[PDB]
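Written below as structure tokens is the structure these notes are about.
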Amino acid sequence: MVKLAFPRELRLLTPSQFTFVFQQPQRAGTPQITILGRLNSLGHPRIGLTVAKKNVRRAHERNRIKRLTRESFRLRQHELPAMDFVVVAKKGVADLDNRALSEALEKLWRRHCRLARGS
């Protein structure tokens, strides 16, 4: 609802981070590339970019997408917290130009950054 700390910590949670993030992900990102946010202070910041073959149909550009995302998360280490970030690239992110990939980077960056400073 408002407070991210739910009393379900008294309940047996699953160690499945993929499931855990997908249950309650704070959606902040471009409609064609969904950067989810899992409020979890583990101390282990990981980038879990998940993409389907229907979403990125161009085989080589699949590597392009994982390049763009992962290389950004390795350089924007100041802005991101130590949480679980399973990013789901939607069908359409691979419709952009190689130039436009970087052009959309600052869009999703600032988008989620504004939310990471809030709650």
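Just remember, in the structure tokens the first chain shown is A, the second B, etc., residues are 1-based per chain, and ligands are 1-based in the order shown.
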Which region 24-66 of chain A residues have any atom within 8 Å of an atom of region 81-90 of chain A, and for each, what is the nearest pair of atoms with distance in Å to one decimal, counting only C-alpha atoms, rows sorted by chain and number, as JSON lines?
{"residue": "A:31", "atom": "CA", "partner": "A:90", "partner_atom": "CA", "distance": 7.4}
{"residue": "A:32", "atom": "CA", "partner": "A:90", "partner_atom": "CA", "distance": 4.8}
{"residue": "A:33", "atom": "CA", "partner": "A:89", "partner_atom": "CA", "distance": 4.2}
{"residue": "A:34", "atom": "CA", "partner": "A:88", "partner_atom": "CA", "distance": 5.1}
{"residue": "A:35", "atom": "CA", "partner": "A:87", "partner_atom": "CA", "distance": 4.5}
{"residue": "A:36", "atom": "CA", "partner": "A:87", "partner_atom": "CA", "distance": 5.5}
{"residue": "A:37", "atom": "CA", "partner": "A:85", "partner_atom": "CA", "distance": 5.5}
{"residue": "A:38", "atom": "CA", "partner": "A:84", "partner_atom": "CA", "distance": 5.5}
{"residue": "A:39", "atom": "CA", "partner": "A:83", "partner_atom": "CA", "distance": 6.6}
{"residue": "A:40", "atom": "CA", "partner": "A:83", "partner_atom": "CA", "distance": 5.3}
{"residue": "A:41", "atom": "CA", "partner": "A:83", "partner_atom": "CA", "distance": 5.5}
{"residue": "A:42", "atom": "CA", "partner": "A:83", "partner_atom": "CA", "distance": 6.2}
{"residue": "A:43", "atom": "CA", "partner": "A:82", "partner_atom": "CA", "distance": 4.9}
{"residue": "A:44", "atom": "CA", "partner": "A:82", "partner_atom": "CA", "distance": 5.4}
{"residue": "A:45", "atom": "CA", "partner": "A:82", "partner_atom": "CA", "distance": 4.2}
{"residue": "A:46", "atom": "CA", "partner": "A:84", "partner_atom": "CA", "distance": 5.5}
{"residue": "A:47", "atom": "CA", "partner": "A:85", "partner_atom": "CA", "distance": 5.1}
{"residue": "A:48", "atom": "CA", "partner": "A:86", "partner_atom": "CA", "distance": 4.1}
{"residue": "A:49", "atom": "CA", "partner": "A:87", "partner_atom": "CA", "distance": 4.5}
{"residue": "A:50", "atom": "CA", "partner": "A:88", "partner_atom": "CA", "distance": 4.9}
{"residue": "A:51", "atom": "CA", "partner": "A:89", "partner_atom": "CA", "distance": 5.3}
{"residue": "A:52", "atom": "CA", "partner": "A:89", "partner_atom": "CA", "distance": 8.0}
{"residue": "A:55", "atom": "CA", "partner": "A:90", "partner_atom": "CA", "distance": 5.6}
{"residue": "A:56", "atom": "CA", "partner": "A:90", "partner_atom": "CA", "distance": 8.0}
Check your understanding: DSSP on the backbone: what in region 24-84 of chain A comes out strand (DSSP E), as a PyMOL selection string?
Key -> chain A and resi 33-35+46-47+84
Exercise for review: Mind the document's chain letters and residue numbers, and return as number ranges by chain the residues of chain A that DSSP labels alpha helix (DSSP H).
Suggested key: A: 17-23, 59-73, 98-117
Extract, using only C-alpha atoms, all DNA, RNA and protein residues at most 12 Å from residue 102 (chain A), discarding same-chain residues fewer than 5 positions from it, and format them as a compact mmCIF listing (two decimals) with C-alpha atoms, in the first residue's frame.
# COMPACT_ATOMS: atom_id res chain seq x y z
CA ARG A 64 23.21 -5.36 -28.05
CA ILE A 65 20.42 -5.00 -25.48
CA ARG A 67 25.35 -4.77 -23.61
CA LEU A 68 23.48 -1.48 -23.28
CA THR A 69 21.79 -2.38 -20.00
CA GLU A 71 27.26 -1.73 -19.25
CA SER A 72 25.13 1.11 -17.92
CA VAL A 93 12.97 -2.24 -27.56
CA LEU A 96 15.02 1.32 -32.14
CA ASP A 97 18.20 2.48 -33.84
CA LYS A 107 15.08 8.33 -20.33
CA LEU A 108 14.80 5.14 -18.29
CA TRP A 109 17.77 6.12 -16.12
Exercise for review: Would you work out the distance separating CA of residue 53 (chain A) from CA of residue 70 (chain A), expressed in Å to one decimal?
Suggested key: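 Pair CA of residue 53 (chain A) / CA of residue 70 (chain A) returns 18.5 Å.
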